[PDB]
Amino acid sequence: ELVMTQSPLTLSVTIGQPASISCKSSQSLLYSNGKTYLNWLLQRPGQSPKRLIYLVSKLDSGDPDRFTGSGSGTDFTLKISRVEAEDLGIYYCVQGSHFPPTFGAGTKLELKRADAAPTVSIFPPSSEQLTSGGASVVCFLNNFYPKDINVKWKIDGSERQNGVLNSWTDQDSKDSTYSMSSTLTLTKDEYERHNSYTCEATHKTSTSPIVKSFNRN
Amino acid sequence: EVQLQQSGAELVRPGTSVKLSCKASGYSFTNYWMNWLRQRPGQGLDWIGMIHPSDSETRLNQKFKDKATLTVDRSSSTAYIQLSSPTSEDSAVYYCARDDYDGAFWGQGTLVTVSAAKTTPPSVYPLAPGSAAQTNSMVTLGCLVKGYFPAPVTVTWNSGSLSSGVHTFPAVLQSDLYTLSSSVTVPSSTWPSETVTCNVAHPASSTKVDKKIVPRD
């Protein structure tokens with residue numbers, strides 16, 4: 001099939017500053033006639049996708065000349081001379097020369113800021129939950145930046161991943177940092193067969209794994 | 001002008017079926033193709049297929065060959081799609097669109113949730129500090145709002161008093177049921193001395209319960 005590799009997955013822009021997104025195709029979109037079918041859409045949070053450019057560089061109705069599409073064959077780029085608040089969102093790449101038409105994963109615009117280590121808190125299962133037979137350990141890694149983080153649950157010794165569920169908040173509009181919740185869920189007997197529970201995060205702010213664990217004692 | 005109005009959020013019991021509609025208006029319905037896209041939770045965009053309302057000629061993405069059936073009703077210029085025997089894998093926001101020379105226009109989309117689940121109030125569990133004595137000055141507590149359905153749920157701390165330093169993570173639909181968590185941070189001098197409680201509501205169950213975050217033994 002045809003594959004669209006967009007990048008970066010998340011672009012960190014600065015209001016007023018310019019921005020550039022890349023989209024490559026696993027094959028040429030240069031069709032038999034003269035048209036190379038490649039458009040970009042912009043989905044602002046909570047909205048429906050809105051096509052911005054069509055046929056590599058043609059702007060749509062009411063499109064600030066701030067956006068500029070360009071490219072040829074397999075390589076294409078979307079640029080914004082000066083990012084404005086309203087531009088923030090996910091930008092999508094889509095091809096129509098090959099069938100079926102395909103999209104790229106989308107590039108998310110995010111406001112850059114200063115690196116911030118995350119705060120970490122681990123929470124042992126609620127007795128109230130135990131009584132019901134289950135047991136979930138929760139870990140919160142709050143107000144960190146950059147968004148890129150790596151979390152692993154370490155029980156007693158090794159890493160484990162059965163019943164682990166994570167969730168991410170959107171970029172906070174007040175401080176521009178991210179937060180992540182991570183929940184390890186076990187049966188009560190599963191939980192009771194171990195002593196140590198650790199929430200281990202690897203973020204760029206620390207050359208050392210950030211840990212916060214607890215033993216059942 | 002131009003518009004594509006889609007049907008309201010539909011709940012679909014797994015292994016059955018559904019039919020969504022997209023009402024065209026403000027142009028010659030039977031003049032252009034009608035596209036249908038999908039967007040699973042958190043994912044990008046999938047082009048399902050397209051149908052021309054002039055002669056009902058359809059062209060489908062082979063991946064949905066046996067899941068999607070596209071039809072049109074000239075009289076009321078509505079375009080339909082029918083999901084045949086949908087799994088949880090089909091839960092997503094479905095869109096209809098016209099993306100051609102004469103313009104690119106998208107519907108507002110229809111949320112589809114596939115789940116045998118029935119209305120279910122959530123199990124609210126208190127996230128109390130395990131034993132990380134002080135940690136510093138600030139302390140974070142939490143509330144695990146587990147196992148409800150459908151969405152959403154409202155979570156507030158101390159009836160609204162506590163607003164800053166709060167993180168209510170996006171709900172994650174896992175195994176027929178929605179689970180979500182929320183954290184809160186306060187100065188070690190206010191808790192446990194005072195009383196922190198999350199007050200979470202679940203409109204679908206006409207429920208709203210409070211969970212006092214008690215200092216762990």
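Just a yes or no: is a residue in region A:178-192 free of Cβ contacts under 8 Å to residues at least 40 places away in the same chain, closer than 21 Å to B:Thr140 by Cβ, among the hydrophobic types (A, V, I, L, M, F, W, C) and not assigned by CATH to the domain that holds A:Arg44? Scanning region A:178-192 turns up no residue that is free of Cβ contacts under 8 Å to residues at least 40 places away in the same chain, closer than 21 Å to B:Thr140 by Cβ, among the hydrophobic types (A, V, I, L, M, F, W, C) and not assigned by CATH to the domain that holds A:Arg44.
When region A:118-158 is filtered for residues that are over 23 Å from B:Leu173 (Cβ atoms), touching a residue at least 40 places away in the same chain (Cβ under 8 Å) and part of a strand (DSSP E or B), the ones remaining, listed by number, are A:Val120, A:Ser121, A:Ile122, A:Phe144, A:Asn150, A:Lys152, A:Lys154, A:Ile155.
When region B:154-165 is filtered for residues that are within 13 Å of chain A (Cβ to nearest Cβ) and either surrounded by 16 or more Cβ atoms within 10 Å (Cβ to Cβ) or of a type in the set (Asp, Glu) (or both), only B:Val155 remains.
Selection of region B:190-206 for residues being of a type in the set (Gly, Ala, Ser) and in contact (Cβ under 8 Å) with a residue 24 or more places away in the chain yields B:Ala201, B:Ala204, B:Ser205.
Would you list the strands (runs of 3 or more DSSP E) that sit entirely within region B:1-43 and hold 1 or more residues that are of a type in the set (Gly, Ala, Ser) and more than 18 Å from A:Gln47 (Cβ to Cβ)?
B:17-25
Any residue in region A:108-125 that is more than 10 Å from chain B (Cβ to nearest Cβ), farther than 15 Å from A:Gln171 by Cβ and surrounded by fewer than 23 Cβ atoms within 10 Å (Cβ to Cβ)? Looking through region A:108-125, at least one residue is more than 10 Å from chain B (Cβ to nearest Cβ), farther than 15 Å from A:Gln171 by Cβ and surrounded by fewer than 23 Cβ atoms within 10 Å (Cβ to Cβ).
Using ideal geometry, Cβ is built from the backbone for each residue, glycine included, and neighbour counts are taken over all protein chains shown. The values are calculated or read from the model by the stated rules, or taken from the named source; no laboratory instrument gave them.
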